[PDB]
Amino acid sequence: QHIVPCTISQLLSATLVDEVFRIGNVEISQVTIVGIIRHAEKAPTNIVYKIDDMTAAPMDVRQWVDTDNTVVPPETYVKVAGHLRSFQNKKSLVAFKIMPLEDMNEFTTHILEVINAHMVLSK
């Protein structure tokens, strides 16, 4: 179903009471965020990128990679489909997709999509 573009600051903030996630009073399932990649570690069960969108401290995004190894280089801009995964009061992002941006305009548009979307959703 429906996917909500956010800012990391909106996530770190979200509350999870009532077994659900609510930034403001908007409950979020899946989400997207654009940000730049600060760190990337190939682990053995999934990759772990530290992604910055400047709104807050860069948050962790995890993508489950298989191995029965091409990581996105640091300092490159990526959008990310995924969902807020709270764990021991330590918000994280689980990554369905992770696409690098070819056209940086998409980066700009997100900021707008974010603000636009939350204004509409909120009431």
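Just count from 1 along the sequence shown to find any residue number.
Judged by the one-third criterion across other entries of this protein, residue 69, though modelled here, is missing from at least a third of those that model both its neighbours. Count the deposited residues lacking coordinates between residue 68 and residue 69 and you get 4 to 9 of them. In this entry, 71-79 shows the higher mean Cα temperature factor of the pair 71-79 and 48-56. Remark: stretch with higher mean C-alpha B factor among 89-97 and 37-45 is 37-45. Split the chain's modelled residues into thirds by C-alpha temperature factor. Residue 16 is in the highest one. Ranked against the other modelled residues of its chain, the C-alpha B-factor of residue 9 as given in the entry falls in the middle third.
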